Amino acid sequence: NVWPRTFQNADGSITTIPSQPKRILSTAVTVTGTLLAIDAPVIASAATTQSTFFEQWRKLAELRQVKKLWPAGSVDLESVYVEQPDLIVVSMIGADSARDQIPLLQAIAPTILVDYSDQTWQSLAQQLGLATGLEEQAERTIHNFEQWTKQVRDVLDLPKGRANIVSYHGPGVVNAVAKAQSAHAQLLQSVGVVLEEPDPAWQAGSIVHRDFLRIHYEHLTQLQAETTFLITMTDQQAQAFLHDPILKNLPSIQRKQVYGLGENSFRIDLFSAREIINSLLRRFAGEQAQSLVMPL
């Protein structure tokens, strides 16, 4: 395990990490879940704009004494200095991105930049494993999860056809649909779901996103999949989608195959991925469900 080592950042820049990181500070709440997943020594993390940690890993973060820092958008440099980190992690795109603050952060400690929007949680874990010297941990974690998804894939009786994954906000608002490279789409694909891709031409406005295509509301009526999964929703919450009169003729609504992906499914990390797969076992597997549900 060689140190120093060079890390390739998502913007084409490089960062030399002089020594194995032991005090990692995350500036992106999305990335923190994956740092926890590989048991990296993350000692502090910024939060959502609402000053929260994601619920799938909050209790674990508290147990490991991960200090909650600023809500996304407002980097507190004093807090970074006081934590005395030896690696600072930044995301490329998303509400939790501190990309423009990199020069200020790099003055404090080696700062790296990753894009979680177009890779699986496993790929992000591998990338972070290489930055932290935790390749053994990451590889083991990924391998174990993949052994599990194999087993699950073999017992699910999924609806015929394909599924889409939607972030729903109702009429008169820009909504969003998961793209093939998203952590969400790839997670479902891994247990045998066949994914519908939103038409790239439906992009709303000028901002490019690799995770979910942002679209005018009306385009939701054009989705063809027989099944719809809603992020950040329970099944009960998904009822609002099902009863939206504008969407009454959607194949997934006609077949009453609209499901919540789960309360904690907004971002995908090992912890929310487990919850999501557990939900699929409960709904689509028989008395084979329980033999495979993972303890949280």
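In this text, residue numbers run from 1 along the sequence as written.
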For the C-alpha atoms alone, is the average B factor greater in 81-89 or in 177-185, going by the entry? 81-89
Return whichever of 161-169 and 220-228 has the greater mean Cα B factor according to the PDB record. 220-228
Which one of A201, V75, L128, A95 shows the biggest C-alpha B-factor in the PDB entry? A201
Residue, from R267, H243, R58, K67, that the PDB entry assigns the highest Cα B-factor: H243
Name the third of the chain's ranked CA B-factors that contains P251, choosing lowest, middle or highest. highest
Record-listed C-alpha B factor of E135: chain third: lowest
Can you tell me which third, lowest, middle or highest, the CA B-factor of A285 falls into for its chain? highest
Taking the entry's C-alpha B-factors for this chain, is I142 in the lowest, middle or highest third? lowest
Within-chain third of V194 by Cα B-factor, per the entry: middle
